[PDB]
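Worksheet: one structure, shown below.
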Amino acid sequence: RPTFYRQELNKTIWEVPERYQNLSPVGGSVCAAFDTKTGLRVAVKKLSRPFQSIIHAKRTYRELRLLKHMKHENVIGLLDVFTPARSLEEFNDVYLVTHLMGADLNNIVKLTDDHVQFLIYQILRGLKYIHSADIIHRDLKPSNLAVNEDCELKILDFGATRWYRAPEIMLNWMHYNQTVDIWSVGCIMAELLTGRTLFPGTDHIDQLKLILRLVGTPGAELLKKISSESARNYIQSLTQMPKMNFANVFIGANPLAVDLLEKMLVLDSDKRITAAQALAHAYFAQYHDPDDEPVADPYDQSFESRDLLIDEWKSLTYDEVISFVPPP
Ligand SMILES: Cc1ccc(-n2nc(C(C)(C)C)cc2NC(=O)N[C@H]2CC[C@@H](Oc3ccc4nnc(C(C)C)n4c3)c3ccccc32)cc1
Ligand SMILES: Fc1ccc(-c2c[nH]nc2-c2ccnc(F)c2)cc1
C-alpha cells in the first residue's frame, strides 16, 4: 500500500500517494499533478462525499465503472484510482487519475478548415467507440472536450448546456437515441467554422425556436412520431418555417463541411447520420482509416436498473477500486 500525504487546496483536503507531486487546482474538484512514476502530468478528480445519498453512491459507482471500461485515444481513460482508506468500513473517498490535456475546446477556440476536420474527426472517432458500448453522452459541448497542445482531443464529462442540446431533449421526449450526441457535434462543428454559438437559446422554449428557424418546423413524417398532445399543440401552433439553405447560412465554409452539417442537424433524429457513417464522410478523407476506428468491448450497464442500499453501492465501488489494473 503506498504512503499518502495530506494537504488542503481551496477548502478541499487532498490525501494522495507521494507518487503524485505539485498538486494545483484547475476545477468533484480537480487538481493537476506530476506523476513521478511515469514522468507525465495528470488530472486528479476527488469525488465530493461519494456516499452522501443512494443517488450519489450510484453516481460514484457509475463513473468508476464507465472510466474503468473506456480504453480509446479520444475518450478519457483511467491511469489510477485510489482511496486513503485501508478497509471497506473506513472507505469514504474516491480519487480518479487521468492524462492532463491542459485545455478545453473553449480555451482553443479563443482554426483552419484542416483544424476543424481534425477536431471533429477525433470527436466522431471517440463517439463511435462510446456509442458502440451502448452509451449516450447526453452533454457533449466544448467544455467537455479536453485538447492538448498537439490538438489531440478526448471526450469527457465534468457533470449553457442547452445550447448544444438536441431539440427532442428540449421537447422532453423520453425515448431519444444516440443521435442526440450527433446533434451536439453538429452544433460544435458549426461554432468552430463560424466562430459563433449556432443556437444560443435563453431557455428551453427560446432554444427550440432558434433550432426550428434553421432546420424548419416538423414535417408530416416527424409529426406522426410525436405522442404528446401538448407538444404537438405547441409546435404546430408556431408560425410554420421551412428548412433554410445550409449552403446560404454557412456560406464561406468548405462545401464538404456544409454537406456533413446538413446530415448531422436533420430535425428528425431517425434521419441523422451516425458516428460511424460520419467518419466515412468525404470531409474526413485526410484522416479516415476504417482499420483504426475501433469499437468498445461489451459494457455491462445492467446495474442502472437496480435499487440498492448506499452500503451496497459503496461495497461494489470498493471492489472496483481493488480490482483496478493500470494500463501498460
Ligand atoms: C456521474 C458520472 C460523471 C461523469 C461520467 N463520465 N462519463 C464519461 C464518458 C465521456 C461518457 C465516458 C466520462 C466521465 N467522467 C469524466 O470525464 N470524469 C472526468 C471529469 C473531470 C476530468 O478533469 C480533467 C481531466 C483531464 C483534463 N485534461 N485537461 C484538463 C483541464 C484541467 C484543462 N482536464 C480535466 C477528470 C479528471 C480525472 C478523472 C476523471 C475526470 C460518468 C458518470
Ligand atoms: F419540435 C420538435 C418536434 C420533434 C422533435 C424530434 C426530433 N427528433 N425526434 C423528435 C421527436 C420524436 C418523437 N417524439 C418527440 F416528442 C420528438 C424535435 C422538436
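Just remember, in the C-alpha cells the first chain shown is A, the second B, etc., residues are 1-based per chain, and ligands are 1-based in the order shown.
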
Within 7 Å of ligand 1, counting only C-alpha atoms and all ligand atoms, residues as a PDB file with N, CA and C atoms, in the first residue's frame:
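Saved to part.pdb:
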```pdb
ATOM      1  N   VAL A  26      -7.526  23.018 -10.726  1.00  0.00           N
ATOM      2  CA  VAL A  26      -7.988  23.527 -12.056  1.00  0.00           C
ATOM      3  C   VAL A  26      -9.507  23.780 -12.060  1.00  0.00           C
ATOM      4  N   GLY A  27     -10.337  22.903 -11.453  1.00  0.00           N
ATOM      5  CA  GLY A  27     -11.823  22.933 -11.476  1.00  0.00           C
ATOM      6  C   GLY A  27     -12.431  23.409 -10.166  1.00  0.00           C
ATOM      7  N   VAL A  30     -10.905  19.113  -9.030  1.00  0.00           N
ATOM      8  CA  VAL A  30      -9.854  18.554  -9.911  1.00  0.00           C
ATOM      9  C   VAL A  30      -8.565  19.302  -9.653  1.00  0.00           C
ATOM     10  N   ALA A  32      -4.336  19.451 -11.146  1.00  0.00           N
ATOM     11  CA  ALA A  32      -3.214  18.986 -11.966  1.00  0.00           C
ATOM     12  C   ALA A  32      -2.126  18.524 -10.999  1.00  0.00           C
ATOM     13  N   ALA A  43      -4.375  14.748 -14.332  1.00  0.00           N
ATOM     14  CA  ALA A  43      -5.514  15.381 -13.658  1.00  0.00           C
ATOM     15  C   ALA A  43      -6.069  14.365 -12.650  1.00  0.00           C
ATOM     16  N   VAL A  44      -6.306  14.863 -11.442  1.00  0.00           N
ATOM     17  CA  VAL A  44      -6.835  14.010 -10.357  1.00  0.00           C
ATOM     18  C   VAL A  44      -8.182  14.583  -9.929  1.00  0.00           C
ATOM     19  N   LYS A  45      -9.223  13.759 -10.003  1.00  0.00           N
ATOM     20  CA  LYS A  45     -10.571  14.194  -9.574  1.00  0.00           C
ATOM     21  C   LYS A  45     -10.842  13.555  -8.209  1.00  0.00           C
ATOM     22  N   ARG A  59     -24.056   7.206  -8.518  1.00  0.00           N
ATOM     23  CA  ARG A  59     -23.228   8.037  -9.417  1.00  0.00           C
ATOM     24  C   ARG A  59     -21.744   7.700  -9.288  1.00  0.00           C
ATOM     25  N   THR A  60     -21.329   7.489  -8.049  1.00  0.00           N
ATOM     26  CA  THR A  60     -19.926   7.167  -7.749  1.00  0.00           C
ATOM     27  C   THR A  60     -19.554   5.881  -8.486  1.00  0.00           C
ATOM     28  N   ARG A  62     -21.193   4.427 -10.961  1.00  0.00           N
ATOM     29  CA  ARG A  62     -21.399   4.592 -12.417  1.00  0.00           C
ATOM     30  C   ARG A  62     -20.140   5.208 -13.048  1.00  0.00           C
ATOM     31  N   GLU A  63     -19.592   6.270 -12.458  1.00  0.00           N
ATOM     32  CA  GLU A  63     -18.425   6.953 -13.049  1.00  0.00           C
ATOM     33  C   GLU A  63     -17.204   6.041 -13.007  1.00  0.00           C
ATOM     34  N   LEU A  66     -17.664   3.295 -15.615  1.00  0.00           N
ATOM     35  CA  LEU A  66     -17.530   3.789 -17.002  1.00  0.00           C
ATOM     36  C   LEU A  66     -16.054   4.073 -17.293  1.00  0.00           C
ATOM     37  N   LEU A  67     -15.371   4.736 -16.377  1.00  0.00           N
ATOM     38  CA  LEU A  67     -13.977   5.195 -16.610  1.00  0.00           C
ATOM     39  C   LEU A  67     -13.060   3.976 -16.642  1.00  0.00           C
ATOM     40  N   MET A  70     -13.511   2.548 -20.409  1.00  0.00           N
ATOM     41  CA  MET A  70     -13.144   3.374 -21.609  1.00  0.00           C
ATOM     42  C   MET A  70     -11.649   3.232 -21.922  1.00  0.00           C
ATOM     43  N   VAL A  75     -11.189   9.201 -25.823  1.00  0.00           N
ATOM     44  CA  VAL A  75     -12.114   9.168 -24.668  1.00  0.00           C
ATOM     45  C   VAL A  75     -11.244   9.149 -23.412  1.00  0.00           C
ATOM     46  N   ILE A  76     -11.620   9.942 -22.427  1.00  0.00           N
ATOM     47  CA  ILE A  76     -10.951   9.876 -21.105  1.00  0.00           C
ATOM     48  C   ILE A  76     -10.793   8.400 -20.691  1.00  0.00           C
ATOM     49  N   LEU A  78      -8.643   5.795 -17.424  1.00  0.00           N
ATOM     50  CA  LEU A  78      -8.141   5.871 -16.027  1.00  0.00           C
ATOM     51  C   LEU A  78      -6.694   5.407 -16.026  1.00  0.00           C
ATOM     52  N   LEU A  96      -9.746   9.773  -8.777  1.00  0.00           N
ATOM     53  CA  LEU A  96      -9.588   9.270 -10.145  1.00  0.00           C
ATOM     54  C   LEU A  96      -8.443  10.061 -10.820  1.00  0.00           C
ATOM     55  N   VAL A  97      -7.613   9.356 -11.541  1.00  0.00           N
ATOM     56  CA  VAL A  97      -6.423   9.937 -12.207  1.00  0.00           C
ATOM     57  C   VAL A  97      -6.482   9.697 -13.710  1.00  0.00           C
ATOM     58  N   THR A  98      -6.226  10.723 -14.501  1.00  0.00           N
ATOM     59  CA  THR A  98      -6.124  10.582 -15.971  1.00  0.00           C
ATOM     60  C   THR A  98      -5.034  11.482 -16.536  1.00  0.00           C
ATOM     61  N   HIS A  99      -4.737  11.348 -17.843  1.00  0.00           N
ATOM     62  CA  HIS A  99      -3.716  12.188 -18.538  1.00  0.00           C
ATOM     63  C   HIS A  99      -4.194  13.634 -18.568  1.00  0.00           C
ATOM     64  N   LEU A 100      -3.314  14.594 -18.303  1.00  0.00           N
ATOM     65  CA  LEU A 100      -3.694  16.017 -18.321  1.00  0.00           C
ATOM     66  C   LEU A 100      -3.487  16.519 -19.745  1.00  0.00           C
ATOM     67  N   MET A 101      -4.550  17.049 -20.339  1.00  0.00           N
ATOM     68  CA  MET A 101      -4.527  17.545 -21.720  1.00  0.00           C
ATOM     69  C   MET A 101      -4.156  19.020 -21.651  1.00  0.00           C
ATOM     70  N   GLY A 102      -4.771  19.780 -20.752  1.00  0.00           N
ATOM     71  CA  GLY A 102      -4.341  21.144 -20.375  1.00  0.00           C
ATOM     72  C   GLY A 102      -5.268  22.239 -20.828  1.00  0.00           C
ATOM     73  N   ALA A 103      -6.244  21.964 -21.689  1.00  0.00           N
ATOM     74  CA  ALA A 103      -7.173  22.981 -22.221  1.00  0.00           C
ATOM     75  C   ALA A 103      -8.490  22.283 -22.570  1.00  0.00           C
ATOM     76  N   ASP A 104      -9.550  23.053 -22.693  1.00  0.00           N
ATOM     77  CA  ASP A 104     -10.787  22.521 -23.315  1.00  0.00           C
ATOM     78  C   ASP A 104     -10.997  23.238 -24.644  1.00  0.00           C
ATOM     79  N   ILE A 130     -17.788   5.107 -27.979  1.00  0.00           N
ATOM     80  CA  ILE A 130     -18.756   5.267 -26.860  1.00  0.00           C
ATOM     81  C   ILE A 130     -20.097   4.670 -27.288  1.00  0.00           C
ATOM     82  N   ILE A 135     -23.636   3.509 -24.953  1.00  0.00           N
ATOM     83  CA  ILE A 135     -23.648   4.678 -24.033  1.00  0.00           C
ATOM     84  C   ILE A 135     -24.050   5.903 -24.866  1.00  0.00           C
ATOM     85  N   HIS A 137     -23.711  10.031 -24.517  1.00  0.00           N
ATOM     86  CA  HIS A 137     -23.010  11.038 -23.696  1.00  0.00           C
ATOM     87  C   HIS A 137     -24.022  11.966 -23.033  1.00  0.00           C
ATOM     88  N   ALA A 146     -11.460  17.856 -23.996  1.00  0.00           N
ATOM     89  CA  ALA A 146     -10.130  18.222 -23.484  1.00  0.00           C
ATOM     90  C   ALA A 146      -9.130  18.126 -24.641  1.00  0.00           C
ATOM     91  N   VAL A 147      -8.342  19.172 -24.831  1.00  0.00           N
ATOM     92  CA  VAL A 147      -7.434  19.251 -26.008  1.00  0.00           C
ATOM     93  C   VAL A 147      -6.025  19.550 -25.498  1.00  0.00           C
ATOM     94  N   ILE A 155     -12.919  13.053 -25.343  1.00  0.00           N
ATOM     95  CA  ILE A 155     -14.262  13.295 -24.758  1.00  0.00           C
ATOM     96  C   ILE A 155     -14.192  12.977 -23.260  1.00  0.00           C
ATOM     97  N   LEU A 156     -14.753  13.839 -22.452  1.00  0.00           N
ATOM     98  CA  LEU A 156     -15.016  13.543 -21.039  1.00  0.00           C
ATOM     99  C   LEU A 156     -16.364  14.124 -20.601  1.00  0.00           C
ATOM    100  N   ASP A 157     -16.630  14.061 -19.321  1.00  0.00           N
ATOM    101  CA  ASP A 157     -17.907  14.634 -18.801  1.00  0.00           C
ATOM    102  C   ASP A 157     -17.636  15.174 -17.404  1.00  0.00           C
ATOM    103  N   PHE A 158     -17.640  16.486 -17.280  1.00  0.00           N
ATOM    104  CA  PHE A 158     -17.450  17.144 -15.971  1.00  0.00           C
ATOM    105  C   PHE A 158     -18.675  16.974 -15.085  1.00  0.00           C
ATOM    106  N   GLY A 159     -19.832  16.619 -15.623  1.00  0.00           N
ATOM    107  CA  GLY A 159     -21.107  16.787 -14.889  1.00  0.00           C
ATOM    108  C   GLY A 159     -21.404  18.266 -14.674  1.00  0.00           C
TER     109      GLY A 159
END
```

Could you list, with a cut-off of 7 Å and counting only C-alpha atoms and all ligand atoms, the residues of chain A near ligand 2, each shown with its nearest atom pair and the distance in Å rounded to one decimal, rows sorted by chain and ascending number, as CSV?
```
residue,atom,partner,partner_atom_place_in_ligand_line,distance
A:167,CA,ligand 2,18 (C),4.5
A:168,CA,ligand 2,18 (C),4.0
A:171,CA,ligand 2,16 (F),6.0
A:172,CA,ligand 2,16 (F),6.7
A:173,CA,ligand 2,16 (F),4.3
A:176,CA,ligand 2,9 (N),6.9
A:208,CA,ligand 2,1 (F),6.9
A:217,CA,ligand 2,1 (F),6.5
A:218,CA,ligand 2,3 (C),5.8
A:222,CA,ligand 2,4 (C),6.4
A:223,CA,ligand 2,4 (C),6.8
A:225,CA,ligand 2,13 (C),4.7
A:226,CA,ligand 2,14 (N),3.9
A:227,CA,ligand 2,14 (N),6.0
A:228,CA,ligand 2,16 (F),6.5
A:231,CA,ligand 2,16 (F),6.7
A:235,CA,ligand 2,1 (F),5.4
A:267,CA,ligand 2,7 (C),5.1
A:268,CA,ligand 2,8 (N),3.8
A:269,CA,ligand 2,8 (N),4.0
A:270,CA,ligand 2,8 (N),6.7
```

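The space separating CA of residue 301 in chain A from CA of residue 327 in chain A comes to 22.2 Å.
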
Query - Residues near residue 85 in chain A, cut-off 10 Å, only C-alpha atoms, skip fewer than 4 positions along chain, as a ChimeraX atom specification - result: /A:15,89-94,318

Query raised in the report: Could you write out, as a PyMOL selection string, all the residues of range 91-284 of chain A that DSSP marks as strand (DSSP E)?
Result: chain A and resi 95-99+103-104+145-147+153-155

Requested in this report: Could you pull out the residues in range 30-234 of chain A that DSSP calls alpha helix (DSSP H) from the backbone, as a ChimeraX atom specification?
Outcome: /A:54-69,105-108,113-132,167-170,179-194,204-215,220-223,229-234

I need the residues from that last selection saved to file as an mmCIF file, in the first residue's frame (with C-alpha atoms), if you can.
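Now in selection_33.cif:
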```
data_model
loop_
_atom_site.group_PDB
_atom_site.id
_atom_site.type_symbol
_atom_site.label_atom_id
_atom_site.label_comp_id
_atom_site.auth_asym_id
_atom_site.auth_seq_id
_atom_site.Cartn_x
_atom_site.Cartn_y
_atom_site.Cartn_z
ATOM 1 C CA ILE A 54 -28.276 6.459 -2.738
ATOM 2 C CA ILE A 55 -28.078 8.729 -5.899
ATOM 3 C CA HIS A 56 -24.516 9.970 -5.061
ATOM 4 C CA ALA A 57 -23.473 6.387 -4.218
ATOM 5 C CA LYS A 58 -24.872 5.088 -7.538
ATOM 6 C CA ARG A 59 -23.228 8.037 -9.417
ATOM 7 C CA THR A 60 -19.926 7.167 -7.749
ATOM 8 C CA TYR A 61 -20.177 3.555 -8.926
ATOM 9 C CA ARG A 62 -21.399 4.592 -12.417
ATOM 10 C CA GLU A 63 -18.425 6.953 -13.049
ATOM 11 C CA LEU A 64 -15.795 4.471 -11.770
ATOM 12 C CA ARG A 65 -17.347 1.612 -13.810
ATOM 13 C CA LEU A 66 -17.530 3.789 -17.002
ATOM 14 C CA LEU A 67 -13.977 5.195 -16.610
ATOM 15 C CA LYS A 68 -12.575 1.650 -15.991
ATOM 16 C CA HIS A 69 -14.164 0.483 -19.280
ATOM 17 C CA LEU A 105 -12.268 23.327 -26.735
ATOM 18 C CA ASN A 106 -13.462 26.807 -25.472
ATOM 19 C CA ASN A 107 -9.806 27.511 -24.436
ATOM 20 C CA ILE A 108 -8.904 26.534 -28.053
ATOM 21 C CA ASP A 113 -10.667 24.029 -42.257
ATOM 22 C CA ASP A 114 -7.918 21.388 -41.658
ATOM 23 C CA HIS A 115 -8.110 22.124 -37.867
ATOM 24 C CA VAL A 116 -11.913 21.652 -37.929
ATOM 25 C CA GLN A 117 -11.546 18.378 -39.868
ATOM 26 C CA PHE A 118 -9.059 17.011 -37.293
ATOM 27 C CA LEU A 119 -11.004 18.168 -34.199
ATOM 28 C CA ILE A 120 -14.423 16.874 -35.395
ATOM 29 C CA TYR A 121 -12.808 13.665 -36.799
ATOM 30 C CA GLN A 122 -11.448 12.974 -33.256
ATOM 31 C CA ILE A 123 -14.855 13.708 -31.571
ATOM 32 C CA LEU A 124 -16.596 11.347 -34.032
ATOM 33 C CA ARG A 125 -13.900 8.646 -33.582
ATOM 34 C CA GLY A 126 -14.403 8.802 -29.745
ATOM 35 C CA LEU A 127 -18.226 8.859 -30.170
ATOM 36 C CA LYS A 128 -18.126 5.794 -32.467
ATOM 37 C CA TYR A 129 -16.396 3.942 -29.575
ATOM 38 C CA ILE A 130 -18.756 5.267 -26.860
ATOM 39 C CA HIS A 131 -21.868 4.579 -28.937
ATOM 40 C CA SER A 132 -20.591 1.025 -29.631
ATOM 41 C CA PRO A 167 -34.391 19.627 -29.904
ATOM 42 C CA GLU A 168 -36.107 16.312 -28.865
ATOM 43 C CA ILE A 169 -34.413 16.771 -25.437
ATOM 44 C CA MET A 170 -35.725 20.428 -25.163
ATOM 45 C CA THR A 179 -28.043 10.730 -32.379
ATOM 46 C CA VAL A 180 -28.673 13.423 -29.657
ATOM 47 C CA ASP A 181 -24.825 13.363 -29.463
ATOM 48 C CA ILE A 182 -24.524 13.842 -33.284
ATOM 49 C CA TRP A 183 -26.755 16.959 -32.921
ATOM 50 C CA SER A 184 -24.274 18.286 -30.339
ATOM 51 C CA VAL A 185 -21.294 17.553 -32.668
ATOM 52 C CA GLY A 186 -23.183 19.465 -35.386
ATOM 53 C CA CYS A 187 -23.603 22.466 -33.057
ATOM 54 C CA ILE A 188 -19.865 22.300 -32.090
ATOM 55 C CA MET A 189 -18.679 21.954 -35.740
ATOM 56 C CA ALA A 190 -20.849 24.981 -36.805
ATOM 57 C CA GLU A 191 -19.296 27.011 -33.945
ATOM 58 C CA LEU A 192 -15.691 26.039 -34.971
ATOM 59 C CA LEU A 193 -16.400 27.032 -38.616
ATOM 60 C CA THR A 194 -18.296 30.361 -37.950
ATOM 61 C CA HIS A 204 -35.860 25.553 -23.407
ATOM 62 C CA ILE A 205 -38.600 27.437 -25.397
ATOM 63 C CA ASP A 206 -36.142 30.037 -26.868
ATOM 64 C CA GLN A 207 -33.670 27.204 -27.698
ATOM 65 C CA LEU A 208 -36.335 25.204 -29.652
ATOM 66 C CA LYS A 209 -37.382 28.383 -31.623
ATOM 67 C CA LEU A 210 -33.746 29.141 -32.651
ATOM 68 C CA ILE A 211 -33.395 25.457 -33.752
ATOM 69 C CA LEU A 212 -36.642 25.325 -35.804
ATOM 70 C CA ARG A 213 -35.687 28.611 -37.539
ATOM 71 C CA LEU A 214 -32.694 26.809 -39.193
ATOM 72 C CA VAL A 215 -33.997 23.265 -39.590
ATOM 73 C CA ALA A 220 -45.678 15.315 -41.507
ATOM 74 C CA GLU A 221 -43.473 12.141 -41.155
ATOM 75 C CA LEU A 222 -41.891 13.532 -37.967
ATOM 76 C CA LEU A 223 -45.250 14.920 -36.554
ATOM 77 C CA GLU A 229 -50.799 16.212 -27.476
ATOM 78 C CA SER A 230 -49.356 19.252 -25.616
ATOM 79 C CA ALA A 231 -46.007 19.013 -27.527
ATOM 80 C CA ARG A 232 -47.865 18.804 -30.861
ATOM 81 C CA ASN A 233 -50.390 21.577 -29.909
ATOM 82 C CA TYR A 234 -47.392 23.815 -29.139
#
```

**Report entry** Shortest interatomic distance to residue 9 in chain A - which of A:52, A:29, A:286, A:21, counting only C-alpha atoms
**Finding:**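 The closest residue to residue 9 in chain A is A:29.
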
Report summary line: Across A:312, A:259, A:300, A:73, the smallest distance to residue 283 in chain A, with only C-alpha atoms counted, is shown by A:259

List every residue of range 233-267 of chain A that has an atom at most 10 Å from any atom of range 271-275 of chain A, and for each one report the closest atom pair and its distance in Å to one decimal, counting only C-alpha atoms, with rows sorted by chain and then by increasing residue number, as a Markdown table.
```
| residue | atom | partner | partner_atom | distance |
| --- | --- | --- | --- | --- |
| A:260 | CA | A:273 | CA | 8.6 |
| A:261 | CA | A:273 | CA | 9.7 |
| A:262 | CA | A:272 | CA | 8.8 |
| A:263 | CA | A:273 | CA | 5.5 |
| A:264 | CA | A:272 | CA | 5.3 |
| A:265 | CA | A:272 | CA | 6.8 |
| A:266 | CA | A:272 | CA | 5.5 |
| A:267 | CA | A:272 | CA | 7.8 |
```

Mind dumping the selected residues with C-alpha atoms as a short mmCIF file (atom, residue, chain, number, x, y, z; two decimals), in the first residue's frame?
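Saved to selection33.cif:
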```
data_model
loop_
_atom_site.label_atom_id
_atom_site.label_comp_id
_atom_site.auth_asym_id
_atom_site.auth_seq_id
_atom_site.Cartn_x
_atom_site.Cartn_y
_atom_site.Cartn_z
CA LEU A 260 -21.81 16.96 -43.32
CA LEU A 261 -23.51 19.69 -41.11
CA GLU A 262 -26.77 19.07 -43.02
CA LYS A 263 -26.51 15.32 -42.31
CA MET A 264 -25.91 15.95 -38.54
CA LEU A 265 -28.52 18.70 -37.99
CA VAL A 266 -31.53 16.89 -39.59
CA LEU A 267 -34.50 17.65 -37.26
#
```

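The spacing separating CA of residue 292 in chain A from CA of residue 153 in chain A amounts to 15.8 Å.
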
Report task. Name the closest residue to residue 50 in chain A among the candidates A:95, A:22, A:164, A:238; distances are taken between atoms, counting only C-alpha atoms. Result ->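 Smallest separation from residue 50 in chain A among the options: A:95.
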